[PDB]
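Asks: fold the following.
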Amino acid sequence: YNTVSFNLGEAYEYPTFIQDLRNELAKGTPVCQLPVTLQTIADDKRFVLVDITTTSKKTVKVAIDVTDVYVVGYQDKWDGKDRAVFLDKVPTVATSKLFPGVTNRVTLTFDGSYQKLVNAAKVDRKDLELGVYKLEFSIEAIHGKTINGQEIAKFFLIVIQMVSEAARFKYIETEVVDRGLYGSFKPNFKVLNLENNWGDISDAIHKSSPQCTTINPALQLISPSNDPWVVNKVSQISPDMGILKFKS
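Replies: Numbers count the residues shown, from 1 in each chain. Coordinates below:
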């Protein structure tokens with residue numbers, strides 16, 4: 001599997017990092033001049049690894065399913081040896097082929113859906129601060145430490161939004177660049193709305209192809225200020241898209 005890296009002490013490299021990740025995910029046929037993921041792929045090319053290193057020199061290798069950009073787990077350290085930590089309900093190929101040879105393998109009691117993650121973290125997305133420093137703090141809280149479901153759920157919530165969602169949405173990538181590289185921020189109404197509708201937005205754009213203009217039925221989205229944002233044209237939403245989900 002290929003690896004893309006990001007050092008939290010070099011926040012300015014974030015835009016390049018996200019673009020390199022999109023390059024690894026863009027394996028499908030483009031639609032309306034936008035990258036698209038593949039629904040199925042050989043097990044040997046099923047995942048991309050994201051190496052995140054803190055200023056404290058600790059690294060966590062996060063595994064992402066290239067078909068849907070889902071984080072399935074990560075590898076950190078425990079007692080000087082590697083440790084594989086997996087979310088519940090991930091593909092069998094994930095637990096069978098990722099981090100080969102690592103015997104300390106943990107299967108968490110919760111899956112990667114936002115509902116299960118927030119329930120375990122005990123904090124909702126709207127109240128959890130994102131940013132390079134916050135991400136490093138969450139890594140420091142779990143790296144080389146006994147398995148604590150609550151702390152690990154917080155790490156997943158932060159990394160999933162700063163990496164996976166940013167790859168999917170240029171809008172989210174820009175929020176992190178403007179507010180989370182040299183500061184901290186809580187995701188606004190639009191960030192959260194896009195996260196909840198990646199699949200639907202992608203299917204809508206696919207349905208509009210090949211004329212790539214009209215989107216009908218319209219997408220009922222939300223603006224940064226929590227106001228209704230009705231999208232019936234590709235040009236209205238294409239600027240916020242990084243990569244679309246597979247289909248048609």
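
Asks: give me the domain ranges for the protein.
Replies: As given by curated CATH domains, the domain ranges for the chain are 1-167, 168-248.

Asks: tell me the spacing between the residue of the chain positioned farthest from its centre and residue 241.
Replies: Most distant from the centre of the chain: residue 211, at 29.8 Å, with distances by Cα atoms, centre = their mean. When distances are taken as Cβ to Cβ, to the nearest Å, residue 211 and residue 241 turn out to be 17 Å apart. Every C-beta, even on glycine, is put in place using the N, C-alpha and C of the backbone.

Asks: for residue 215, same thing?
Replies: Here the distance between residue 215 and residue 241 works out to 12 Å (Cβ to Cβ).

Asks: what residues are shared contacts of those two?
Replies: Common contact partners of residue 215 and residue 241 (Cβ atoms under 8 Å, 6 or more residues apart in numbering): residue 205.

Asks: tell me the centre residue of this protein?
Replies: Relative to the mean C-alpha position of the chain, the nearest C-alpha, by Cα atoms, centre = their mean, is the one of residue 164, at 1.6 Å.

Asks: check contacts around that one.
Replies: If a contact means Cβ under 8 Å, 6+ apart, then residue 164 has 64, 69-71 as its contacts.

Asks: of those residues, which is the nearest to residue 42?
Replies: Using Cβ to Cβ, residue 64 comes nearest to residue 42 of these, at 16.0 Å.

Asks: point me to the helix or strand that includes the closest one.
Replies: Residue 64 is part of strand 59-65 when elements are defined by DSSP states H and E.

Asks: list the contacts of whatever helix or strand comes next after that strand.
Replies: The C-terminal neighbour of strand 59-65 among helices and strands, as given by DSSP H and E, is strand 70-78. By Cβ under 8 Å, 6+ apart, the surrounding residues in contact with strand 70-78 are 47, 58-65, 82-87, 90-91, 94, 98-99, 102, 104, 112, 142-144, 156, 159-160, 163-164.

Asks: filter the residues you listed down to the buried ones.
Replies: Buried residues within the contacts of strand 70-78, defined by neighbour count using 16 or more other Cβ atoms under 10 Å: 47, 58-65, 83-87, 90-91, 94, 98-99, 112, 142-143, 156, 159-160, 163-164.

Asks: just those residues: which are in helices?
Replies: 94, 142, 156, 159 (DSSP state H).

Asks: can you pick out the most distant pair from those?
Replies: For those, the maximum inter-member distance is 19.3 Å, found between 94 and 142 (Cβ to Cβ).
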